[PDB]
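run-v5.tsv (TSV, N, CA and C atoms)
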```tsv
chain	number	residue	atom	x	y	z
V	99	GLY	N	10.98	-1.48	-3.72
V	99	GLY	CA	10.55	-0.44	-2.80
V	99	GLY	C	11.12	0.88	-3.21
V	100	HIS	N	10.33	1.94	-3.06
V	100	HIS	CA	10.71	3.30	-3.42
V	100	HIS	C	10.85	3.46	-4.94
V	101	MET	N	9.75	3.71	-5.59
V	101	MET	CA	9.73	3.99	-7.01
V	101	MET	C	9.80	5.49	-7.16
V	102	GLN	N	10.92	5.98	-7.58
V	102	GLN	CA	11.08	7.40	-7.78
V	102	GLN	C	11.09	7.65	-9.27
V	103	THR	N	10.13	8.38	-9.74
V	103	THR	CA	10.04	8.68	-11.13
V	103	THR	C	9.54	10.11	-11.30
V	104	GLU	N	10.15	10.83	-12.21
V	104	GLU	CA	9.72	12.16	-12.54
V	104	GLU	C	8.55	12.12	-13.47
V	105	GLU	N	7.38	12.04	-12.89
V	105	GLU	CA	6.12	12.00	-13.58
V	105	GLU	C	5.05	12.11	-12.51
V	106	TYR	N	3.81	12.04	-12.90
V	106	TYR	CA	2.68	12.10	-11.99
V	106	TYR	C	2.73	11.05	-10.86
V	107	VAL	N	3.03	11.51	-9.67
V	107	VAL	CA	3.12	10.67	-8.49
V	107	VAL	C	2.40	11.37	-7.37
V	108	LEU	N	1.83	10.59	-6.47
V	108	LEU	CA	1.08	11.12	-5.36
V	108	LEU	C	2.00	11.57	-4.29
V	109	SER	N	1.60	12.60	-3.60
V	109	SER	CA	2.33	13.15	-2.53
V	109	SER	C	2.07	12.35	-1.23
V	110	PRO	N	3.06	11.55	-0.78
V	110	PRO	CA	2.95	10.77	0.41
V	110	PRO	C	3.65	11.43	1.61
V	111	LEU	N	3.18	11.15	2.78
V	111	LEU	CA	3.81	11.67	3.98
V	111	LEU	C	3.95	10.56	5.01
V	112	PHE	N	4.27	9.40	4.51
V	112	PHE	CA	4.46	8.23	5.34
V	112	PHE	C	5.78	7.52	5.04
V	113	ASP	N	6.01	6.41	5.73
V	113	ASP	CA	7.24	5.63	5.60
V	113	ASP	C	7.15	4.66	4.45
V	114	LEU	N	8.18	4.63	3.65
V	114	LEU	CA	8.30	3.67	2.57
V	114	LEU	C	9.71	3.15	2.51
V	115	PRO	N	9.89	1.86	2.17
V	115	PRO	CA	11.21	1.21	2.10
V	115	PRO	C	12.17	1.96	1.19
V	116	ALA	N	13.09	2.68	1.79
V	116	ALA	CA	14.01	3.53	1.05
V	116	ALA	C	15.22	2.75	0.58
V	117	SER	N	15.52	1.69	1.26
V	117	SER	CA	16.65	0.85	0.97
V	117	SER	C	16.32	-0.54	1.44
V	118	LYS	N	17.02	-1.56	0.93
V	118	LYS	CA	16.72	-2.95	1.30
V	118	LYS	C	16.91	-3.17	2.80
V	119	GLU	N	17.84	-2.42	3.39
V	119	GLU	CA	18.12	-2.50	4.81
V	119	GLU	C	16.89	-1.99	5.57
V	120	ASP	N	16.49	-0.77	5.22
V	120	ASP	CA	15.32	-0.10	5.79
V	120	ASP	C	14.05	-0.93	5.58
V	121	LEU	N	13.98	-1.57	4.45
V	121	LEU	CA	12.90	-2.46	4.12
V	121	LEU	C	12.88	-3.63	5.08
V	122	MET	N	13.99	-4.34	5.17
V	122	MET	CA	14.10	-5.51	6.02
V	122	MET	C	13.82	-5.17	7.48
V	123	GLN	N	14.39	-4.06	7.95
V	123	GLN	CA	14.26	-3.66	9.35
V	123	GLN	C	12.81	-3.41	9.76
V	124	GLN	N	11.99	-2.92	8.84
V	124	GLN	CA	10.62	-2.65	9.18
V	124	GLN	C	9.79	-3.90	8.92
V	125	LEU	N	10.23	-4.69	7.96
V	125	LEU	CA	9.49	-5.85	7.51
V	125	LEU	C	9.56	-6.99	8.51
V	126	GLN	N	10.32	-6.82	9.58
V	126	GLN	CA	10.40	-7.83	10.63
V	126	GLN	C	9.29	-7.60	11.63
V	127	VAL	N	8.71	-6.43	11.56
V	127	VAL	CA	7.66	-6.02	12.47
V	127	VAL	C	6.31	-6.05	11.78
V	128	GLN	N	6.19	-5.24	10.77
V	128	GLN	CA	4.93	-4.99	10.08
V	128	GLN	C	4.92	-5.61	8.71
V	129	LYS	N	5.26	-6.89	8.69
V	129	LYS	CA	5.47	-7.82	7.52
V	129	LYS	C	4.84	-7.42	6.15
V	130	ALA	N	3.69	-6.84	6.16
V	130	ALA	CA	3.02	-6.42	4.97
V	130	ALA	C	3.10	-4.90	4.84
V	131	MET	N	3.82	-4.41	3.86
V	131	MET	CA	3.88	-2.98	3.64
V	131	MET	C	3.91	-2.59	2.19
V	132	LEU	N	3.57	-1.38	1.92
V	132	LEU	CA	3.50	-0.85	0.58
V	132	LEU	C	4.91	-0.57	0.05
V	133	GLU	N	5.10	-0.73	-1.24
V	133	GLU	CA	6.38	-0.42	-1.83
V	133	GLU	C	6.36	0.99	-2.39
V	134	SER	N	5.32	1.30	-3.18
V	134	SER	CA	5.08	2.62	-3.77
V	134	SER	C	3.68	2.69	-4.38
V	135	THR	N	3.29	3.88	-4.79
V	135	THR	CA	2.01	4.15	-5.40
V	135	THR	C	2.23	4.67	-6.83
V	136	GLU	N	1.46	4.19	-7.78
V	136	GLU	CA	1.58	4.67	-9.15
V	136	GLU	C	0.19	4.99	-9.70
V	137	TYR	N	0.07	6.09	-10.43
V	137	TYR	CA	-1.21	6.46	-11.04
V	137	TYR	C	-1.46	5.54	-12.21
V	138	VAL	N	-2.69	5.43	-12.61
V	138	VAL	CA	-2.99	4.62	-13.75
V	138	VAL	C	-3.30	5.54	-14.94
V	139	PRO	N	-2.47	5.50	-15.99
V	139	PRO	CA	-2.66	6.35	-17.17
V	139	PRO	C	-3.97	6.04	-17.89
V	140	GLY	N	-4.93	6.92	-17.74
V	140	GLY	CA	-6.19	6.77	-18.43
V	140	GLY	C	-7.26	6.14	-17.57
V	141	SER	N	-6.95	5.87	-16.32
V	141	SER	CA	-7.92	5.29	-15.43
V	141	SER	C	-8.03	6.12	-14.17
V	142	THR	N	-9.24	6.28	-13.69
V	142	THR	CA	-9.53	7.11	-12.56
V	142	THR	C	-9.21	6.37	-11.24
V	143	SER	N	-7.97	5.91	-11.11
V	143	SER	CA	-7.51	5.14	-9.97
V	143	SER	C	-5.97	5.18	-9.88
V	144	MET	N	-5.46	4.66	-8.80
V	144	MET	CA	-4.04	4.56	-8.53
V	144	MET	C	-3.80	3.12	-8.08
V	145	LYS	N	-2.67	2.57	-8.42
V	145	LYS	CA	-2.37	1.19	-8.08
V	145	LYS	C	-1.16	1.15	-7.15
V	146	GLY	N	-1.24	0.35	-6.13
V	146	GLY	CA	-0.13	0.21	-5.24
V	146	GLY	C	0.32	-1.22	-5.15
V	147	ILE	N	1.60	-1.41	-4.95
V	147	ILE	CA	2.21	-2.71	-4.77
V	147	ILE	C	2.61	-2.87	-3.31
V	148	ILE	N	2.11	-3.90	-2.69
V	148	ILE	CA	2.40	-4.21	-1.31
V	148	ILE	C	3.28	-5.45	-1.26
V	149	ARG	N	4.30	-5.38	-0.48
V	149	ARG	CA	5.25	-6.43	-0.31
V	149	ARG	C	5.00	-7.05	1.05
V	150	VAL	N	4.79	-8.32	1.08
V	150	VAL	CA	4.53	-8.99	2.33
V	150	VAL	C	5.57	-10.06	2.54
V	151	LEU	N	5.83	-10.38	3.75
V	151	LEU	CA	6.79	-11.39	4.07
V	151	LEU	C	6.08	-12.73	4.24
V	152	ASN	N	6.42	-13.65	3.36
V	152	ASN	CA	5.87	-15.00	3.29
V	152	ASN	C	6.17	-15.76	4.56
V	153	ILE	N	5.20	-15.85	5.39
V	153	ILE	CA	5.31	-16.53	6.67
V	153	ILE	C	4.21	-17.57	6.82
V	154	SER	N	3.39	-17.62	5.84
V	154	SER	CA	2.19	-18.39	5.84
V	154	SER	C	1.67	-18.47	4.43
V	155	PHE	N	1.42	-19.67	3.92
V	155	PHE	CA	0.84	-19.84	2.59
V	155	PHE	C	-0.54	-19.22	2.57
V	156	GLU	N	-1.28	-19.49	3.61
V	156	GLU	CA	-2.58	-18.93	3.78
V	156	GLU	C	-2.40	-17.55	4.34
V	157	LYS	N	-2.39	-16.63	3.44
V	157	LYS	CA	-2.12	-15.28	3.72
V	157	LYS	C	-3.23	-14.44	3.09
V	158	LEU	N	-3.57	-13.37	3.73
V	158	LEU	CA	-4.56	-12.45	3.24
V	158	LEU	C	-4.06	-11.06	3.30
V	159	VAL	N	-4.19	-10.36	2.21
V	159	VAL	CA	-3.77	-8.99	2.14
V	159	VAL	C	-4.98	-8.12	1.85
V	160	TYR	N	-5.53	-7.56	2.88
V	160	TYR	CA	-6.66	-6.69	2.74
V	160	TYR	C	-6.25	-5.25	2.82
V	161	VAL	N	-6.66	-4.49	1.87
V	161	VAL	CA	-6.41	-3.08	1.86
V	161	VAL	C	-7.65	-2.36	2.31
V	162	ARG	N	-7.54	-1.65	3.38
V	162	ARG	CA	-8.64	-0.90	3.89
V	162	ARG	C	-8.29	0.56	3.83
V	163	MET	N	-9.21	1.39	3.39
V	163	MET	CA	-8.95	2.82	3.35
V	163	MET	C	-10.05	3.54	4.03
V	164	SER	N	-9.76	4.75	4.41
V	164	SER	CA	-10.73	5.61	4.94
V	164	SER	C	-10.27	7.05	4.70
V	165	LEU	N	-11.20	7.89	4.28
V	165	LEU	CA	-10.98	9.34	4.18
V	165	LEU	C	-11.58	9.95	5.43
V	166	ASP	N	-11.94	9.07	6.29
V	166	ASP	CA	-12.66	9.32	7.49
V	166	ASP	C	-11.77	8.93	8.68
V	167	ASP	N	-12.29	9.02	9.89
V	167	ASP	CA	-11.57	8.70	11.14
V	167	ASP	C	-11.45	7.20	11.34
V	168	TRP	N	-11.96	6.45	10.36
V	168	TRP	CA	-11.98	4.99	10.31
V	168	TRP	C	-13.21	4.41	10.95
V	169	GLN	N	-14.33	4.88	10.48
V	169	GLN	CA	-15.65	4.38	10.83
V	169	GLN	C	-16.17	3.59	9.64
V	170	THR	N	-15.34	3.53	8.63
V	170	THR	CA	-15.66	2.93	7.38
V	170	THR	C	-14.36	2.46	6.70
V	171	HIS	N	-14.46	1.40	5.91
V	171	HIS	CA	-13.32	0.74	5.24
V	171	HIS	C	-13.83	-0.15	4.11
V	172	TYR	N	-13.33	0.08	2.88
V	172	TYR	CA	-13.85	-0.62	1.68
V	172	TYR	C	-13.45	-2.09	1.54
V	173	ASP	N	-12.48	-2.47	2.33
V	173	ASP	CA	-11.83	-3.80	2.28
V	173	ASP	C	-11.60	-4.35	0.91
V	174	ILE	N	-10.50	-4.04	0.37
V	174	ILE	CA	-10.13	-4.55	-0.91
V	174	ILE	C	-9.18	-5.69	-0.72
V	175	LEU	N	-9.54	-6.82	-1.22
V	175	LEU	CA	-8.68	-7.93	-1.16
V	175	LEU	C	-7.72	-7.81	-2.31
V	176	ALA	N	-6.48	-7.57	-1.97
V	176	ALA	CA	-5.44	-7.32	-2.93
V	176	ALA	C	-5.17	-8.54	-3.80
V	177	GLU	N	-4.73	-8.28	-5.00
V	177	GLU	CA	-4.44	-9.31	-5.95
V	177	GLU	C	-2.96	-9.65	-5.94
V	178	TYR	N	-2.67	-10.89	-5.68
V	178	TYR	CA	-1.33	-11.40	-5.65
V	178	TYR	C	-0.74	-11.40	-7.04
V	179	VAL	N	0.44	-10.86	-7.16
V	179	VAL	CA	1.15	-10.88	-8.41
V	179	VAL	C	1.70	-12.29	-8.59
V	180	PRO	N	1.29	-12.99	-9.65
V	180	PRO	CA	1.68	-14.37	-9.91
V	180	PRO	C	3.19	-14.59	-9.89
V	181	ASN	N	3.63	-15.54	-9.08
V	181	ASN	CA	5.04	-15.97	-8.98
V	181	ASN	C	5.95	-14.87	-8.45
V	182	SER	N	5.40	-13.89	-7.76
V	182	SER	CA	6.22	-12.80	-7.26
V	182	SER	C	7.03	-13.23	-6.05
V	183	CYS	N	6.47	-14.15	-5.29
V	183	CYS	CA	7.11	-14.66	-4.11
V	183	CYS	C	8.24	-15.56	-4.52
V	184	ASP	N	9.43	-15.25	-4.08
V	184	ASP	CA	10.57	-16.07	-4.43
V	184	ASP	C	11.04	-16.79	-3.17
V	185	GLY	N	10.06	-17.19	-2.38
V	185	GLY	CA	10.31	-17.94	-1.19
V	185	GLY	C	10.19	-17.12	0.07
V	186	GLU	N	10.58	-15.87	0.00
V	186	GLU	CA	10.62	-15.03	1.18
V	186	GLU	C	9.53	-13.99	1.19
V	187	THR	N	9.42	-13.19	0.17
V	187	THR	CA	8.45	-12.13	0.19
V	187	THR	C	7.55	-12.19	-1.05
V	188	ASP	N	6.30	-11.80	-0.88
V	188	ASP	CA	5.30	-11.82	-1.96
V	188	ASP	C	4.96	-10.40	-2.34
V	189	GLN	N	4.41	-10.21	-3.52
V	189	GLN	CA	4.00	-8.90	-3.95
V	189	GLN	C	2.52	-8.93	-4.36
V	190	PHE	N	1.77	-8.00	-3.85
V	190	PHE	CA	0.35	-7.87	-4.16
V	190	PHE	C	0.09	-6.48	-4.66
V	191	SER	N	-0.93	-6.30	-5.44
V	191	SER	CA	-1.27	-5.00	-5.92
V	191	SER	C	-2.76	-4.77	-5.71
V	192	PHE	N	-3.18	-3.53	-5.77
V	192	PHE	CA	-4.59	-3.20	-5.63
V	192	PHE	C	-4.84	-1.90	-6.35
V	193	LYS	N	-6.06	-1.65	-6.72
V	193	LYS	CA	-6.40	-0.38	-7.30
V	193	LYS	C	-7.16	0.42	-6.26
V	194	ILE	N	-6.99	1.68	-6.27
V	194	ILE	CA	-7.64	2.54	-5.32
V	194	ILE	C	-8.70	3.35	-6.07
V	195	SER	N	-9.39	4.21	-5.37
V	195	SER	CA	-10.38	5.08	-5.97
V	195	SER	C	-9.70	6.22	-6.81
V	196	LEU	N	-10.50	7.17	-7.26
V	196	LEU	CA	-10.01	8.31	-8.05
V	196	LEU	C	-8.89	9.11	-7.34
V	197	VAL	N	-8.08	9.79	-8.14
V	197	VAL	CA	-6.89	10.52	-7.68
V	197	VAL	C	-6.72	11.87	-8.39
V	198	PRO	N	-5.74	12.70	-7.91
V	198	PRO	CA	-5.39	14.05	-8.39
V	198	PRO	C	-5.63	14.43	-9.84
V	199	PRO	N	-5.20	13.65	-10.88
V	199	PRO	CA	-5.38	14.10	-12.25
V	199	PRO	C	-6.88	14.26	-12.62
V	200	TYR	N	-7.73	13.72	-11.77
V	200	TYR	CA	-9.15	13.80	-11.94
V	200	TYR	C	-9.78	14.66	-10.83
V	201	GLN	N	-9.19	14.63	-9.63
V	201	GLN	CA	-9.68	15.43	-8.49
V	201	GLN	C	-8.49	15.60	-7.52
V	202	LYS	N	-8.02	16.83	-7.42
V	202	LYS	CA	-6.71	17.17	-6.82
V	202	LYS	C	-6.80	18.19	-5.69
V	203	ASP	N	-7.89	18.20	-5.00
V	203	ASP	CA	-8.10	19.20	-3.94
V	203	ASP	C	-7.62	18.74	-2.57
V	204	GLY	N	-7.06	17.55	-2.51
V	204	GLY	CA	-6.66	16.98	-1.23
V	204	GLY	C	-7.80	16.18	-0.67
V	205	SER	N	-8.23	15.26	-1.48
V	205	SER	CA	-9.36	14.39	-1.22
V	205	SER	C	-9.13	13.54	0.00
V	206	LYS	N	-7.89	13.08	0.11
V	206	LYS	CA	-7.40	12.24	1.18
V	206	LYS	C	-7.72	10.80	0.97
V	207	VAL	N	-6.90	9.97	1.56
V	207	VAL	CA	-7.05	8.59	1.58
V	207	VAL	C	-5.97	7.98	2.46
V	208	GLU	N	-6.37	7.44	3.56
V	208	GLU	CA	-5.47	6.73	4.39
V	208	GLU	C	-5.81	5.28	4.30
V	209	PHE	N	-4.90	4.48	3.82
V	209	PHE	CA	-5.15	3.07	3.76
V	209	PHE	C	-4.18	2.31	4.65
V	210	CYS	N	-4.54	1.11	4.97
V	210	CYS	CA	-3.74	0.22	5.77
V	210	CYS	C	-3.94	-1.18	5.26
V	211	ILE	N	-2.97	-2.02	5.50
V	211	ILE	CA	-3.03	-3.39	5.05
V	211	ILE	C	-3.25	-4.34	6.21
V	212	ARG	N	-4.24	-5.18	6.05
V	212	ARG	CA	-4.56	-6.22	6.99
V	212	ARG	C	-4.02	-7.54	6.45
V	213	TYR	N	-2.91	-7.99	7.00
V	213	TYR	CA	-2.26	-9.21	6.56
V	213	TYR	C	-2.58	-10.35	7.52
V	214	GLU	N	-3.62	-11.07	7.22
V	214	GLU	CA	-4.07	-12.16	8.06
V	214	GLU	C	-3.39	-13.43	7.66
V	215	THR	N	-2.56	-13.94	8.51
V	215	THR	CA	-1.88	-15.17	8.22
V	215	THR	C	-2.19	-16.19	9.28
V	216	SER	N	-1.63	-17.37	9.13
V	216	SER	CA	-1.81	-18.45	10.07
V	216	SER	C	-1.11	-18.11	11.39
V	217	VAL	N	-0.15	-17.21	11.33
V	217	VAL	CA	0.63	-16.84	12.48
V	217	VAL	C	0.36	-15.38	12.90
V	218	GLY	N	-0.88	-14.97	12.79
V	218	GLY	CA	-1.25	-13.68	13.25
V	218	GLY	C	-1.68	-12.75	12.15
V	219	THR	N	-2.41	-11.77	12.52
V	219	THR	CA	-2.83	-10.73	11.63
V	219	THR	C	-1.89	-9.54	11.78
V	220	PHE	N	-1.17	-9.25	10.73
V	220	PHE	CA	-0.25	-8.15	10.73
V	220	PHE	C	-0.87	-6.95	10.08
V	221	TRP	N	-1.10	-5.97	10.87
V	221	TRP	CA	-1.64	-4.74	10.42
V	221	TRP	C	-0.55	-3.79	10.05
V	222	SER	N	-0.61	-3.30	8.87
V	222	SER	CA	0.28	-2.29	8.45
V	222	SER	C	-0.38	-0.98	8.81
V	223	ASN	N	-0.02	-0.48	9.95
V	223	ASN	CA	-0.59	0.72	10.51
V	223	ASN	C	0.54	1.51	11.12
V	224	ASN	N	0.48	2.80	11.05
V	224	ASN	CA	1.62	3.61	11.44
V	224	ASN	C	1.15	4.69	12.45
V	225	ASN	N	1.94	5.73	12.61
V	225	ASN	CA	1.74	6.86	13.55
V	225	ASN	C	0.49	7.73	13.22
V	226	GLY	N	-0.25	7.33	12.23
V	226	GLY	CA	-1.38	8.10	11.74
V	226	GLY	C	-1.10	8.39	10.31
V	227	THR	N	0.15	8.61	10.07
V	227	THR	CA	0.73	8.73	8.79
V	227	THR	C	0.96	7.31	8.26
V	228	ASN	N	-0.14	6.62	8.02
V	228	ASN	CA	-0.15	5.21	7.64
V	228	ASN	C	0.24	5.08	6.20
V	229	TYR	N	-0.70	5.35	5.34
V	229	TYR	CA	-0.48	5.41	3.92
V	229	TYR	C	-1.26	6.60	3.43
V	230	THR	N	-1.15	7.63	4.23
V	230	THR	CA	-1.78	8.90	4.05
V	230	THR	C	-1.30	9.54	2.75
V	231	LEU	N	-2.19	9.68	1.82
V	231	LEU	CA	-1.87	10.31	0.59
V	231	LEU	C	-2.70	11.54	0.44
V	232	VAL	N	-2.06	12.60	0.08
V	232	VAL	CA	-2.78	13.80	-0.20
V	232	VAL	C	-2.96	13.87	-1.68
V	233	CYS	N	-4.19	13.74	-2.10
V	233	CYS	CA	-4.57	13.75	-3.49
V	233	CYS	C	-4.14	15.03	-4.23
V	234	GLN	N	-2.91	14.99	-4.70
V	234	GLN	CA	-2.27	16.01	-5.49
V	234	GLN	C	-1.10	15.36	-6.21
V	235	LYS	N	-0.84	15.83	-7.39
V	235	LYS	CA	0.21	15.32	-8.25
V	235	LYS	C	1.53	15.95	-7.81
V	236	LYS	N	2.65	15.41	-8.26
V	236	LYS	CA	3.96	15.97	-7.94
V	236	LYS	C	4.07	17.40	-8.51
V	237	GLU	N	4.11	17.49	-9.82
V	237	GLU	CA	4.22	18.75	-10.51
V	237	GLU	C	3.29	18.74	-11.71
```
Could you show the structure in this file as structure tokens?
Amino acid sequence: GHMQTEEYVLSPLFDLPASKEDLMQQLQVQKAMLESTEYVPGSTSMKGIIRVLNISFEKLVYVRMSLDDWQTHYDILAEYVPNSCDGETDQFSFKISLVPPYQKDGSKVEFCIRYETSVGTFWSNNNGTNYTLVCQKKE
């Protein structure tokens, strides 16, 4: 959680696991959350890694985005990173649509994770500042 790198990174205005403590404290509520966002070098997309808390083998990690008020959602079924789960938490990744190095006007994209498990559907949804990314590079 919290990939800080001096390179092309998206400008986020939401909550991300800053420390393992902060991670755990939020992960008891909203079990499925994003770790960080990374651009794809040479590809018109961005990839994010979502960390979910293994509470159910039958787990679903759906990434839904909207640049809209949420009248629409692409539903991306995230791809589980093989063997990432070490008993407690799993890691999934997904690719998103185009980003800043290709279109940097503040395109917008708010995504949320729908974690459907045997023990409930955990929505990773926040104060509005969900996974709100403003399509612009760091520097």
* **For segment 227-234 of chain V: contacts at 6 Å, all atoms listed in the file, fewer than 3 positions along chain excluded, given as a PyMOL selection string** => chain V and resi 107-113+197-198+201-210+223-224
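Distances to residue 124 of chain V were evaluated for V:139, V:151, V:158, V:236 using only C-alpha atoms, and the minimum falls at V:151.
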* **Residues of segment 109-237 of chain V in strand (DSSP E or B), written as number ranges by chain** => V: 109-110, 130-137, 144-151, 157-164, 174-175, 177-178, 187-193, 207-215, 218-222, 231-232
N, CA and C atoms of the current selection, written as a short mmCIF file (atom, residue, chain, number, x, y, z; two decimals), in the frame of the given file:
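Listed below is the output, again_4.cif:
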```cif
data_model
loop_
_atom_site.label_atom_id
_atom_site.label_comp_id
_atom_site.auth_asym_id
_atom_site.auth_seq_id
_atom_site.Cartn_x
_atom_site.Cartn_y
_atom_site.Cartn_z
N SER V 109 1.60 12.60 -3.60
CA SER V 109 2.33 13.15 -2.53
C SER V 109 2.07 12.35 -1.23
N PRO V 110 3.06 11.55 -0.78
CA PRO V 110 2.95 10.77 0.41
C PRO V 110 3.65 11.43 1.61
N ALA V 130 3.69 -6.84 6.16
CA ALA V 130 3.02 -6.42 4.97
C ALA V 130 3.10 -4.90 4.84
N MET V 131 3.82 -4.41 3.86
CA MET V 131 3.88 -2.98 3.64
C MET V 131 3.91 -2.59 2.19
N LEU V 132 3.57 -1.38 1.92
CA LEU V 132 3.50 -0.85 0.58
C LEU V 132 4.91 -0.57 0.05
N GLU V 133 5.10 -0.73 -1.24
CA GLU V 133 6.38 -0.42 -1.83
C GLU V 133 6.36 0.99 -2.39
N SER V 134 5.32 1.30 -3.18
CA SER V 134 5.08 2.62 -3.77
C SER V 134 3.68 2.69 -4.38
N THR V 135 3.29 3.88 -4.79
CA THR V 135 2.01 4.15 -5.40
C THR V 135 2.23 4.67 -6.83
N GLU V 136 1.46 4.19 -7.78
CA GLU V 136 1.58 4.67 -9.15
C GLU V 136 0.19 4.99 -9.70
N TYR V 137 0.07 6.09 -10.43
CA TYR V 137 -1.21 6.46 -11.04
C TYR V 137 -1.46 5.54 -12.21
N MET V 144 -5.46 4.66 -8.80
CA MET V 144 -4.04 4.56 -8.53
C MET V 144 -3.80 3.12 -8.08
N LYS V 145 -2.67 2.57 -8.42
CA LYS V 145 -2.37 1.19 -8.08
C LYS V 145 -1.16 1.15 -7.15
N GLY V 146 -1.24 0.35 -6.13
CA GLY V 146 -0.13 0.21 -5.24
C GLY V 146 0.32 -1.22 -5.15
N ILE V 147 1.60 -1.41 -4.95
CA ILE V 147 2.21 -2.71 -4.77
C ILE V 147 2.61 -2.87 -3.31
N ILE V 148 2.11 -3.90 -2.69
CA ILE V 148 2.40 -4.21 -1.31
C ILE V 148 3.28 -5.45 -1.26
N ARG V 149 4.30 -5.38 -0.48
CA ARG V 149 5.25 -6.43 -0.31
C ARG V 149 5.00 -7.05 1.05
N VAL V 150 4.79 -8.32 1.08
CA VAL V 150 4.53 -8.99 2.33
C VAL V 150 5.57 -10.06 2.54
N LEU V 151 5.83 -10.38 3.75
CA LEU V 151 6.79 -11.39 4.07
C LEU V 151 6.08 -12.73 4.24
N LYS V 157 -2.39 -16.63 3.44
CA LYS V 157 -2.12 -15.28 3.72
C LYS V 157 -3.23 -14.44 3.09
N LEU V 158 -3.57 -13.37 3.73
CA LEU V 158 -4.56 -12.45 3.24
C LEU V 158 -4.06 -11.06 3.30
N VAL V 159 -4.19 -10.36 2.21
CA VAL V 159 -3.77 -8.99 2.14
C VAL V 159 -4.98 -8.12 1.85
N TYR V 160 -5.53 -7.56 2.88
CA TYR V 160 -6.66 -6.69 2.74
C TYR V 160 -6.25 -5.25 2.82
N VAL V 161 -6.66 -4.49 1.87
CA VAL V 161 -6.41 -3.08 1.86
C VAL V 161 -7.65 -2.36 2.31
N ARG V 162 -7.54 -1.65 3.38
CA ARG V 162 -8.64 -0.90 3.89
C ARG V 162 -8.29 0.56 3.83
N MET V 163 -9.21 1.39 3.39
CA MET V 163 -8.95 2.82 3.35
C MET V 163 -10.05 3.54 4.03
N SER V 164 -9.76 4.75 4.41
CA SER V 164 -10.73 5.61 4.94
C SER V 164 -10.27 7.05 4.70
N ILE V 174 -10.50 -4.04 0.37
CA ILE V 174 -10.13 -4.55 -0.91
C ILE V 174 -9.18 -5.69 -0.72
N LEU V 175 -9.54 -6.82 -1.22
CA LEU V 175 -8.68 -7.93 -1.16
C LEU V 175 -7.72 -7.81 -2.31
N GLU V 177 -4.73 -8.28 -5.00
CA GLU V 177 -4.44 -9.31 -5.95
C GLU V 177 -2.96 -9.65 -5.94
N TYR V 178 -2.67 -10.89 -5.68
CA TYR V 178 -1.33 -11.40 -5.65
C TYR V 178 -0.74 -11.40 -7.04
N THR V 187 9.42 -13.19 0.17
CA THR V 187 8.45 -12.13 0.19
C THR V 187 7.55 -12.19 -1.05
N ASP V 188 6.30 -11.80 -0.88
CA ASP V 188 5.30 -11.82 -1.96
C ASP V 188 4.96 -10.40 -2.34
N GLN V 189 4.41 -10.21 -3.52
CA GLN V 189 4.00 -8.90 -3.95
C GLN V 189 2.52 -8.93 -4.36
N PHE V 190 1.77 -8.00 -3.85
CA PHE V 190 0.35 -7.87 -4.16
C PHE V 190 0.09 -6.48 -4.66
N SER V 191 -0.93 -6.30 -5.44
CA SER V 191 -1.27 -5.00 -5.92
C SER V 191 -2.76 -4.77 -5.71
N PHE V 192 -3.18 -3.53 -5.77
CA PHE V 192 -4.59 -3.20 -5.63
C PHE V 192 -4.84 -1.90 -6.35
N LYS V 193 -6.06 -1.65 -6.72
CA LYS V 193 -6.40 -0.38 -7.30
C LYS V 193 -7.16 0.42 -6.26
N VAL V 207 -6.90 9.97 1.56
CA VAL V 207 -7.05 8.59 1.58
C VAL V 207 -5.97 7.98 2.46
N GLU V 208 -6.37 7.44 3.56
CA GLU V 208 -5.47 6.73 4.39
C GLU V 208 -5.81 5.28 4.30
N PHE V 209 -4.90 4.48 3.82
CA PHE V 209 -5.15 3.07 3.76
C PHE V 209 -4.18 2.31 4.65
N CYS V 210 -4.54 1.11 4.97
CA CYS V 210 -3.74 0.22 5.77
C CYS V 210 -3.94 -1.18 5.26
N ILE V 211 -2.97 -2.02 5.50
CA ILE V 211 -3.03 -3.39 5.05
C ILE V 211 -3.25 -4.34 6.21
N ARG V 212 -4.24 -5.18 6.05
CA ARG V 212 -4.56 -6.22 6.99
C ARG V 212 -4.02 -7.54 6.45
N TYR V 213 -2.91 -7.99 7.00
CA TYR V 213 -2.26 -9.21 6.56
C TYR V 213 -2.58 -10.35 7.52
N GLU V 214 -3.62 -11.07 7.22
CA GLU V 214 -4.07 -12.16 8.06
C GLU V 214 -3.39 -13.43 7.66
N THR V 215 -2.56 -13.94 8.51
CA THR V 215 -1.88 -15.17 8.22
C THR V 215 -2.19 -16.19 9.28
N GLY V 218 -0.88 -14.97 12.79
CA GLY V 218 -1.25 -13.68 13.25
C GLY V 218 -1.68 -12.75 12.15
N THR V 219 -2.41 -11.77 12.52
CA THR V 219 -2.83 -10.73 11.63
C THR V 219 -1.89 -9.54 11.78
N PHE V 220 -1.17 -9.25 10.73
CA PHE V 220 -0.25 -8.15 10.73
C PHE V 220 -0.87 -6.95 10.08
N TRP V 221 -1.10 -5.97 10.87
CA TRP V 221 -1.64 -4.74 10.42
C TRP V 221 -0.55 -3.79 10.05
N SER V 222 -0.61 -3.30 8.87
CA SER V 222 0.28 -2.29 8.45
C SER V 222 -0.38 -0.98 8.81
N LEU V 231 -2.19 9.68 1.82
CA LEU V 231 -1.87 10.31 0.59
C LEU V 231 -2.70 11.54 0.44
N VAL V 232 -2.06 12.60 0.08
CA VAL V 232 -2.78 13.80 -0.20
C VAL V 232 -2.96 13.87 -1.68
#
```
* To do: Using only C-alpha atoms, determine which residues lie at most 10 Å from residue 125 of chain V, disregarding the query and same-chain residues fewer than 5 positions distant; provide the list as a list in words.
  => residues 115, 118, 119, 120, 130, 131, 149, 150, 151, 187 and 222 of chain V
* Just asking: which residues within chain V are alpha helix (DSSP H) according to DSSP, as a ChimeraX atom specification? -> /V:118-125
* **Gap from atom C of residue 173 of chain V to atom C of residue 99 of chain V - Å, one decimal** =>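 Rounded to one decimal, the two atoms are 23.7 Å apart.
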* Asked: Suppose you want the space between atom CA of residue 152 of chain V and atom N of residue 188 of chain V; what is it in Å?
  ->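 It comes out at 5.3 Å.
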